[PDB]
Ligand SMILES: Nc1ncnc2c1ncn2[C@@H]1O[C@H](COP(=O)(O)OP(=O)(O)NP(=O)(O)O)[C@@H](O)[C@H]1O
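Single chain ahead, written as structure tokens, the form solved without the named molecule.
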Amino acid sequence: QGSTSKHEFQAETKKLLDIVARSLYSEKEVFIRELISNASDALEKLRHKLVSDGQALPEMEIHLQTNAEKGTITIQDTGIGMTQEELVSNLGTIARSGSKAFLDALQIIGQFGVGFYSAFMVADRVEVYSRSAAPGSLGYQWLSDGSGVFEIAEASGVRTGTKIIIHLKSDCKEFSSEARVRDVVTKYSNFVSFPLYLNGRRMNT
């Protein structure tokens, strides 16, 4: 008996499920590199702007924190930040771009590319605070709480730049342990052009 080509293509791609999914799951600490890379790029966008306008530089640092009791990990930078519209458009787009992100990992406007989908893979809840570096900017929070619906709101006491808080999934709590995250962030912090701290400690030369 002959099978159809259509059916065969379905069967052959399904054969990859376990290999691909196990591989990506075992690598899921990549969200830390992605968000550190994004932070550094945002810092450099601001640095470039200021230097080019002859303006003194503020504190320019990347800060991560882990909180084992809350099961969170936070990444903050004091870089160029995002406007309310940029938050909404960028983070919405990434949250709808899962299959693109997965294909990209195997092979947009704002701080984040499709790779930021790695953060959603490990999160029950994602909070992104940002205040654009343009003078007089207000701070905003964009929130995914794991329902189908995102929320945007003014958030005062947000400092210029961007702060991401991830509440980790039930099988991802290791990323709220300093010990686990130290080795990941020690290696990756070699590759940024700014000072990087983890829980108040300097991680790169």
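Between two forms, the rigid core is defined as the largest C-alpha subset superposing within 1.5 Å. Numbering starts at 1 and follows the sequence shown.
Keep in mind that the form deposited with the named molecule bound is not shown, yet the notes after this line are about it.
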Notebook entry, point to check: If the named molecule is transferred from its position in the entry with it bound by superposing the C-alpha atoms around the site, does the shown form leave the pocket open, or is it blocked, with blocked meaning at least 3 ligand atoms within 2.4 Å of a backbone or C-beta atom?
Noted result: blocked
Check: Looking at the partner-bound form in the entry with it bound, is residue 90 within 4.5 Å of the named molecule by any heavy atom?
Finding: yes
Item checked: residue 115 within 4.5 Å of the named molecule in the entry with it bound, heavy atoms -> yes
Note to self: If we define contact as a non-hydrogen atom of the residue within 4.5 angstroms of the partner, is residue 160 a contact of the named molecule in the entry with it bound?
What the structure shows: no
Next item on the list: Answer for residue 174 alone: is it within 4.5 Å of the named molecule in the entry with it bound, judged on heavy atom distances?
Entry: no
Item checked: One residue of 41, 29, 145, 61 in contact with the named molecule, assessed in the entry with it bound (non-hydrogen atom, 4.5 angstroms) -> 41
Notebook entry, point to check: Relative to the named molecule in the entry with it bound, which residues of 171-205 have a heavy atom no more than 4.5 Å away?
Noted result: none
Check: Rigid core as reference, CA moved 2 Å or more between this form and the one not shown - which of 145, 174, 41, 29?
Finding: 145
Check: With the core lined up, does the C-alpha of residue 100 move 2 Å or more between this form and the one not shown?
Finding: yes
Item checked: Yes/no, residue 113 Cα shift of 2 Å or more between this form and the one not shown with rigid core fixed -> yes
Item checked: Direction of the Cα shift between residue 19 and residue 34 in the entry with it bound, where the change is 3 Å or more -> closer
Note to self: Just to spell it out: taking the C-alpha atom of residue 94 and the C-alpha atom of residue 177, is that distance smaller or larger in the entry with it bound than in the structure shown here, given it changes by 3 Å or more?
What the structure shows: farther
